Structures are given as structure tokens and as C-alpha cells.
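Worksheet for the structure shown next.
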Amino acid sequence: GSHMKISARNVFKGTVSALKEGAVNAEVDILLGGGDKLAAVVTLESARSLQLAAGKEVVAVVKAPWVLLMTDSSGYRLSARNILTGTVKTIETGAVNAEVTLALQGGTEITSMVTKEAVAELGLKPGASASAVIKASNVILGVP
Amino acid sequence: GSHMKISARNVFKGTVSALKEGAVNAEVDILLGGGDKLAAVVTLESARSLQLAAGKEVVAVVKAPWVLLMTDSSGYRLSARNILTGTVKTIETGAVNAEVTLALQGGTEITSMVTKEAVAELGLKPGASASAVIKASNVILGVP
Amino acid sequence: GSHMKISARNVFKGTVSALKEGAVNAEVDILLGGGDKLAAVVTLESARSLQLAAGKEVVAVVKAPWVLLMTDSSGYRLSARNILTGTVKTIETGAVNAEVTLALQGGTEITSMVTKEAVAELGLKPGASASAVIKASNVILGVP
């Protein structure tokens with residue numbers, strides 16, 4: 001009971017910087033510790049029931065397998081709302097998968113589960129630049 | 001052809017207890033075998049084309065990597081619609097991942113794929129209480 | 001910078017064959033190389049900002065863990081928009097997971113990450129027929 005204990009490798013505390021409610025869903029923009037911004041999309045019902053408002057503290061939860069890693073966009077613009085650039089800090093290889101941890105500017109760490117082939121193909125290595133790509137619809141929000 | 005054969009570790013048969021259609025999506029509340037309830041969100045087009053209605057039998061499909069495990073909410077309320085409490089029945093550890101199976105009250109079993117670090121950090125062990133957290137948008141529905 | 005380098009095992013180039021915008025989201029129908037069709041659902045804001053239009057070239061990105069495999073629908077109709085039938089080309093087993101690659105008619109290959117139990121239960125083997133099941137909401141789009 002000292003914290004929330006959840007399996008997700010990424011659990012970030014932040015404050016809502018903007019709340020944009022439409023008739024079906026609500027986009028919640030969150031300012032995390034390091035200055036990193038993350039967007040989450042939740043249902044209108046959740047935005048009302050969780051009592052979301054700009055300035056309120058929230059937790060954003062993202063499972064590792066939901067994070068994609070990108071090293072070269074090659075000019076492409078993507079539909080996913082969150083493209084967080086950082087540097088590779090840790091890689092731990094498994095049998096077919098691997099866990100990659102990136103440090104974002106400001107210090108936040110984000111962890112992604114990708115195939116060991118992707119680590120190979122992307123040329124990941126401690127210090128290498130990469131972006132974590134996360135759809136806002138794959139971010140779960142929590143409110144104290 | 002004796003059943004539906006799909007990779008998902010979780011395939012549950014149930015009856016629709018409530019159908020709530022909006023102009024874009026439809027929330028389908030499903031009563032599963034053990035008395036467990038699961039919510040799914042599908043498009044309006046799917047609710048019309050599948051002929052959904054309260055009282056009709058459906059199958060809900062959830063891939064293992066889409067299920068988060070939580071042991072202590074610490075007072076937090078989450079945006080995900082499904083928080084199913086149960087007890088740990090089986091854990092099988094892999095290289096970087098692990099498969100955890102929970103028994104819910106009533107008997108339904110739910111299987112989650114998490115990192116082996118999460119199993120360690122959460123202190124999971126046969127008999128330990130935990131909740132499976134599943135967004136309703138990550139439940140696929142099937143109709144005979 | 002010769003291509004987009006992203007971890008996703010499935011990155012397909014295609015042309016938009018239909019764009020259907022509603023007040024919240026937009027369904028984008030994509031004709032891939034082999035003649036295979038894939039549907040993606042993106043936000044209205046993304047459809048406007050990416051300048052989507054029928055006839056324009058796009059890339060569709062799907063992470064391996066987001067693809068389900070099905071061998072026998074047994075008559076069931078599912079809520080997921082993409083059901084792509086193909087033949088198994090490659091399986092590589094890990095510790096608890098496995099990577100399965102299917103060849104679709106026309107030549108496109110799709111890769112799925114499933115549990116090694118699912119490979120066993122489905123009786124997958126090179127040449128076996130199977131369908132990749134992908135929600136349209138789990139397809140990320142990119143535009144040059």
C-alpha cells in the first residue's frame with residue numbers, strides 16, 4: 001500500500017497539462033517529471049468519473065509490449081500521438097524477445113519489449129538514439 | 001470445426017447483459033460462466049453487423065500480452081473498464097517473459113503475459129491475490 | 001535514412017483505397033502490394049494532419065504481439081476488421097513465446113508473436129492454413 005503495484009514496466013506520475021473532451025473520448029495531455037509530455041486517450045465516461053481536470057495529478061501506465069522503438073523516421077509522420085526521443089540505456093535479451101530501456105531528456109526511463117531481431121536490425125546499443133512510439137489509446141490512466 | 005481455434009490464451013463464452021451503443025462505438029457487457037462480468041468496446045458498425053443484442057451469446061477474445069496484473073491499487077482508480085480479482089494458479093517463466101494464470105471467483109481462468117521482472121516485483125506466487133486489468137477496447141468479440 | 005527503421009515486425013507500403021471519416025475517427029482502407037487489403041482506424045485529427053486521401057501512399061505498421069492467429073473460425077464472425085488468410089512460412093520458438101510468419105496470397109508476409117502453447121494447440125506447421133486477425137485500431141499509419 002506504499003505505492004500502486006502493477007505489472008506494467010512503465011508507470012509515470014505527472015500533472016494534466018490539458019484535457020480535451022469530445023463527445024466520445026477525451027485526450028489527456030500529461031507533463032511528466034523530466035519535462036517529457038505524454039498524451040493518453042480515455043473514454044468520456046472515464047474522464048468524468050475520474051474527475052479529470054487540467055492541473056490534477058495522475059499516473060500513466062503503459063505495458064512494455066505496447067511501445068514501439070524507432071531509430072529513423074526517414075521523413076515519415078505517424079498517426080501515433082507519442083514519439084518520445086531518448087537514448088538507449090539498457091538492453092536485456094531473451095529467447096525471441098528483448099527488453100530495451102531508453103532514457104528520455106529530463107531523466108524519465110521508458111521500457112519497450114521488442115523482438116530480438118528488431119534490436120539487431122535497428123543496431124541498438126547503449127547510447128544509440130531512438131524514439132519510443134506509443135499510441136495515446138494504449139495509455140491507461142490512474143487517479144489517486 | 002468442433003470449436004474456434006485462435007491463438008489467444010483467453011477465449012470466454014458468455015451472454016450479453018447490456019449493450020450500450022453511442023454514435024461511434026458500442027459498449028458490450030458480458031456475463032461469463034463463473035458470474036464474472038467483462039466489458040468490451042466495439043465499433044457501431046460491428047455491433048450492427050454482428051447483430052448484438054442483450055441476451056445473445058458471444059465469445060470474448062483477449063490476447064495474453066494485453067492483460068496487466070495488479071496486486072495493490074493503493075487507492076488508485078483506473079481508466080480501464082475491467083479489473084477482475086482472482087488468485088494466482090499457475091506461473092511459467094520464460095527468458096524475459098512469463099505466463100501467469102489467475103483463477104477468478106466462479107472459476108474462470110485468465111492468462112496474462114508479463115515480464116519476469118514484474119512477477120518478481122509483484123511477489124506473485126500460487127495463492128497470491130491479484131487483479132487482471134483489461135481495457136474494454138482490447139477485447140475482441142465473436143458471434144456464432 | 002534509406003528507409004524508416006522501426007521495431008515493428010510488420011511494415012507495409014500501400015495506397016489508400018478508401019477513406020471514411022466520421023466525427024471522431026477515420027477508417028483508412030489500404031491496398032497492399034500483393035493485393036491484400038488492410039484497414040486502419042486513426043483519429044480524425046490524424047486524418048486531417050496526415051493529409052490522408054484516397055489514392056495516396058501510406059505505410060501501415062503493426063507490432064507482432066498485436067496480431068492474433070486463427071485456424072478455424074468454426075462459423076464465428078469477429079469484431080476485428082482484418083482477417084487475412086495465408087499459409088505458415090516460418091516458426092521460431094522461444095522460451096514461452098514464438099514468432100510465426102504467414103505468407104498471404106499475393107506475397108505479403110505477416111509476422112505474429114504468440115505463446116508457444118498456441119503454436120502447439122493450433123497445430124501450426126509450415127504450409128498450414130491460418131488467418132492473421134488484426135484490429136484496425138492496432139494499425140499505426142505513416143505518411144511520407
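Order determines the names: the first chain of the C-alpha cells is A, the second B, and so forth; residues in each chain are numbered 1 upward, and ligands are numbered 1 upward as they are shown.
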Checklist entry - Could you pull the residues within 7 Å of residue 89 in chain B, counting only C-alpha atoms, minus those fewer than 2 positions along the same chain, as a ChimeraX atom specification? => result /B:87,101-103,126-127
Kindly save the residues from that selection, with N, CA and C atoms included, as a compact mmCIF listing (two decimals), in the first residue's frame.
```
# COMPACT_ATOMS: atom_id res chain seq x y z
N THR B 87 -7.05 -15.25 -7.88
CA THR B 87 -5.89 -15.78 -7.19
C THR B 87 -4.97 -16.44 -8.21
N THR B 101 -1.40 -17.33 -14.76
CA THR B 101 -2.82 -17.67 -14.87
C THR B 101 -3.49 -17.41 -13.53
N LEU B 102 -4.60 -16.69 -13.59
CA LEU B 102 -5.33 -16.38 -12.37
C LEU B 102 -6.68 -17.11 -12.40
N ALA B 103 -7.13 -17.52 -11.22
CA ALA B 103 -8.48 -18.10 -11.15
C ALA B 103 -9.40 -16.99 -10.64
N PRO B 126 1.66 -18.94 -6.26
CA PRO B 126 0.37 -19.59 -6.23
C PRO B 126 -0.41 -19.13 -5.02
N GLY B 127 -1.66 -18.76 -5.08
CA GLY B 127 -2.45 -18.32 -3.96
C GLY B 127 -2.53 -16.83 -3.68
```
Next on the checklist: I'd like to know which residues of chain A are strand (DSSP E or B) (by DSSP, run on the backbone); could you write them as a ChimeraX atom specification?
Outcome noted: /A:5-6,10-21,25-32,37-43,57-62,68-72,77-78,82-93,97-104,109-115,129-134,140-143
Checklist entry - Could you name the residues that touch residue 18 in chain B at 10 Å or less, counting only C-alpha atoms, but leaving out those on the same chain fewer than 5 positions away, as a ChimeraX atom specification? => result /B:27-31,39,52-56
Checklist entry - Which polymer residues have any atom within 10 Å of an atom of residue 128 in chain C, counting only C-alpha atoms, with same-chain residues fewer than 3 positions away left out, as a VMD selection string? => result chain C and resid 71 86 to 89 102 122 to 125
Next on the checklist: At a cut-off of 6 Å, which residues of chain B touch chain C? Count only C-alpha atoms and give the answer as a list in words.
Outcome noted: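 Listed by rising number, the hits are residues 1, 3, 4, 5, 6, 7, 46, 94, 95, 140, 141, 142, 143 and 144 of chain B.
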Checklist entry - Quick one: distance from CA of residue 136 in chain A to CA of residue 42 in chain A in Å, one decimal? => result 8.5 Å
Next on the checklist: I'd like to know which residues of chain A are helix (DSSP H, G or I) (by DSSP, run on the backbone); could you write them as a list in words?
Outcome noted: residues 44, 45, 46, 47, 48, 49, 64, 65, 66, 116, 117, 118, 119, 120, 121, 122, 136, 137 and 138 of chain A
Checklist entry - For residue 109 in chain B, which residue among B:26, B:32, B:16, B:139 is the nearest when counting only C-alpha atoms? => result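 Checking each of B:26, B:32, B:16, B:139 against residue 109 in chain B, counting only C-alpha atoms, the winner is B:32.
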Item to check | Near-residue 12 in chain B list (9 Å; only C-alpha atoms; drop same-chain fewer than 3 positions) as JSON, numbers by chain | outcome: {"B": [32, 33, 58, 59, 60, 61, 62, 108]}
Checklist outcome for this item: Shortest contact to residue 110 in chain B, candidates B:84, B:57, B:15, B:129, atoms counted only C-alpha atoms, goes to B:84
